[PDB]
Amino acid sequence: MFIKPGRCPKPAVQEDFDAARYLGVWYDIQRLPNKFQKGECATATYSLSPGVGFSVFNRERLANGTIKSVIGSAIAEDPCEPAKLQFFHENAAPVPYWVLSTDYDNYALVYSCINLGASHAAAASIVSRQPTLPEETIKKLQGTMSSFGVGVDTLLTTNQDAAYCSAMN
């Protein structure tokens, strides 16, 4: 199920979020079941933007070996709340993007929730600067999610095997 009961949670975000250090490539390690990622080998590339915010380039290897991509823009509409962002993708409506925790150098936890009456629809990914994350960090970012309701048993481990994700090199 993608519509989970209950309204959107209001989890804590990363304090003094430095977007400049958050830039670069991030590998999807574990993700909540979503409908936008239709393949595996997912990567998020955050690069510089001429105006405000940063740019977004997302890539995945579909099962047919085809690499699908989406471009987008990221802005924190409240500059005093830099970790709560709004992501504007192509052919898409504005979606929320909240950095809950990151070291900028190894791990990152991201959350998106849109309210639907008394139900909600959420997106979550555990990302790494490498195609793998230590199990300790995964178990700790999984506890941050369990703390505000997420069934960390619904999490899907994204395939990042070097031989399968070879077209993404």
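Heads up: residue numbers just count along the shown sequence, starting at 1.
- For the segment pair 146-154 and 12-20, the entry gives 146-154 the higher mean B-factor, averaged over Cα atoms.
- Between the stretches 100-108 and 65-73, it is 65-73 that shows the larger average CA temperature factor.
- The residue among 34, 45, 30, 49 whose C-alpha atom has the highest B-factor in the PDB entry is 34.
- Among the modelled residues of its chain, residue 80 has a C-alpha B-factor that falls in the highest third, as given in the PDB entry.
- Placement of the Cα temperature factor of residue 137 within the chain: highest third of the modelled residues, per the deposited record.
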